[PDB]
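Single chain ahead, written as structure tokens, the form deposited in one PDB entry.
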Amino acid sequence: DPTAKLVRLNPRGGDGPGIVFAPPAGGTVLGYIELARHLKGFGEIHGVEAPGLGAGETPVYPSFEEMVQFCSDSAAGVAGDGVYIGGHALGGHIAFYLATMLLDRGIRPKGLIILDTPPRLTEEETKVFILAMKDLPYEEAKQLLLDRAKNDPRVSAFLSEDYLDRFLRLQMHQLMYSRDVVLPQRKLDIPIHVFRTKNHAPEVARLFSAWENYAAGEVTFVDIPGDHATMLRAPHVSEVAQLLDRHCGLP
């Protein structure tokens, strides 16, 4: 049941529309919790948790196409034309696909909110992600990431090993088809809001402007503090929620 994975991250707190977030690589919506808490000018903020992560679910590993279809089925309960479609990272690509599917059906969401990701997506620890998207056995690479996460006292003390395993497996699965993700060259008839960090190498930074190619009207580039990971955490997340309320919300 796709609708059972539509998580309410924050009840209505402002006078604006809601937000439905798609998950990044790994399928979790937990990375949005702090952001949703600080936001003060929106309605209900929802997130779509990938299937197979909850305690009472069987891990599944769908293709990008089926995952996009699952989020649409999950977010269907929310009025498409009364909320922003958002997404961080790979979640930004799902968000775009969902917005094109809504527009194909005549539904105009309030807009697309992209969190620090361009339209085309330790030394050994980061080598895994590179190879995922010297050669090493798959299961050996997973253990490197698994040993990295477990080294953090916050993961070993509060996070479920079962949840951590299901997340790592799905992240590997989504990292490996991530290069196959090609956004349709359509031009959205809705505003696009790209919140981008400023600590990107020139090679990557240059790619964010390509969002202009997928827009028929408004496109807004907003600078946010932090980097691709720390932006959703303190101290930066507070300022990110301020800017999000300013350009898209309405306290």
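For the two forms, the rigid core is made up of the largest set of C-alpha atoms that agree within 1.5 Å on superposition. When you see a residue number, it is the position in the sequence shown, counting from 1.
Counting the unmodelled positions of the deposited sequence between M101 and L102 gives zero. According to the entry, the deposited sequence has 10 or more residues without coordinates between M133 and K134. Relative to its counterpart among 140-148 and 87-95, 140-148 has the higher mean temperature factor, C-alpha atoms as listed in the PDB entry. The question of which stretch, 239-247 or 19-27, has the higher mean Cα B factor is settled in favour of 239-247.
As recorded in the PDB entry, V78 shows the highest C-alpha B-factor of the residues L170, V78, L112, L115. Considering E218, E49, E203, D223 together, the PDB entry gives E203 the largest C-alpha B factor. Remark: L183 belongs to the highest third of its chain, ranked by C-alpha B-factor as recorded. Placement of the Cα temperature factor of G82 within the chain: highest third of the modelled residues, per the deposited record. Placement of the Cα temperature factor of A55 within the chain: middle third of the modelled residues, per the deposited record. Per the PDB record, residue ranking by Cα B-factor puts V194 in the lowest third of the chain. Compared with the other modelled residues of the chain, the Cα B-factor recorded for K127 ranks in the highest third.
What follows is about the form deposited in another entry, which we do not show.
Residue shifts between this form and the one not shown, rigid core superposed: of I33, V222, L207, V182, the only C-alpha displaced by 2 Å or more belongs to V182. Annotation for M172: C-alpha shift under 2 angstroms between this form and the one not shown, rigid core superposed. After superposing the rigid core, the Cα of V78 is displaced by less than 2 Å between this form and the one not shown. Relative to this form, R154 and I19 approach one another in the other form, with their C-alpha atoms ending up at least 3 Å closer. Note on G27 and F158: their C-alpha atoms are nearer in the other form, a change of at least 3 Å from this conformation.
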